[PDB]
Amino acid sequence: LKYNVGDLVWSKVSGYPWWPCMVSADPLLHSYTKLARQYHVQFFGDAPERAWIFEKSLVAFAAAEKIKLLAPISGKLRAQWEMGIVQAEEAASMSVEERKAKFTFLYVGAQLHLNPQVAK
Ligand SMILES: CCN(Cc1ccncc1)c1cc(C)nc(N2CCC[C@H]2CNC(N)=O)n1
Numbered sequence: 218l219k220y221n222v223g224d225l226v227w228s229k230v231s232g233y234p235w236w237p238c239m240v241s242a243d244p245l246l247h248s249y250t251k252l259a260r261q262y263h264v265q266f267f268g269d270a271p272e273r274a275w276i277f278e279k280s281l282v283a284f285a304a305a306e307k308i309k310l311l312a313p314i315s316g317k318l319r320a321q322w323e324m325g326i327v328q329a330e331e332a333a334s335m336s337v338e339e340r341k342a343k344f345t346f347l348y349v350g351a352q353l354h355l356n357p358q359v360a361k
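Throughout the sequence shown, residue numbering follows PDB author numbering, covering 218 to 252, 259 to 285, 304 to 361 in sequence.
So, in structure tokens, the structure goes:
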């Protein structure tokens with residue numbers, strides 16, 4: 218396995234630029250990887272987005306030399322992407338256990354929430 222929970226990656230989703238995220242356990246399935260291999264990630268930004276991504280569409284954040310990193314220009318997506326970058330940079334400066342406690346999304350009822358530390 219190339220990744221574990223808490224690892225910072227860039228993931229490519231169709232219709233989006235390469236986005237900063239953190240490998241995490243799917244809070245419904247209780248698993249972070251499965252079978259080609261997939262990994263569950265949460266996307267840094269202003270909304271609690273998550274997804275199962277194939278390993279070919281993931282690379283470490285901070304194989305990595307072969308991808309083309311392109312930043313969004315469109316205002317709305319760019320500001321969300323910049324928020325994700327600021328958060329992934331702060332997470333990169335912390336230990337794996339500190340970033341799991343600070344950035345892991347929380348289910349409150351059936352509603353997926355940003356980690357209250359991030360929300361505040
Ligand atoms: C490639 C990462 N992103 C951008 C993003 C991430 C985290 N926060 C903001 C934007 C994703 C990924 C996925 C699977 N879905 C989405 N979304 C669907 C609805 C619009 C957008 C963002 N959500 C929102 N309420 O504004 N975005």
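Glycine included, each C-beta is placed from N, C-alpha and C at the ideal position.
Report the residue from the options whose alpha carbon sits nearest the alpha carbon of residue i.
i    : options                   : result
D269 : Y262, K317 and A342       : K317
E330 : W227, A305, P271 and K219 : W227
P271 : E338, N221, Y220 and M324 : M324
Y220 : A242, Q352 and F346       : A242
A259 : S280, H247, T345 and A274 : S280
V230 : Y249, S248, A274 and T250 : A274
I'd like to know whether the C-beta atoms of residue i and residue j end up nearer to each other than 8 Å.
i    : j    : result
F267 : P237 : yes
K341 : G223 : yes
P244 : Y348 : yes
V264 : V282 : no
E278 : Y262 : yes
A333 : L225 : yes
For ligand 1, is there a heavy atom less than 7 Å away from the beta-carbon of residue i?
i           : result
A351        : no
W227        : no
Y262        : no
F344        : no
residue 256 : Because the chain is numbered from 252 directly to 259, the model contains no atoms for residue 256.
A329        : no
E338        : no
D243        : no
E272        : yes
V230        : yes
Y220        : no
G223        : no
Evaluate residue i with the Cβ neighbour count: other Cβ atoms within 10 Å of its Cβ, from every protein chain shown; 16 or more gives buried, anything less gives exposed.
i    : result
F284 : buried
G350 : exposed
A304 : exposed
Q328 : buried
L355 : buried
Which complete beta strand (DSSP E) runs does the region 304-333 hold, if anything under 3 residues is left out?
The qualifying runs do not exist here; there are none.
Every unbroken beta strand (DSSP E) inside the region 218-251 [3 residues or more]
Whole beta strand (DSSP E) segments, 3+ residues: 225-228 and 236-240.
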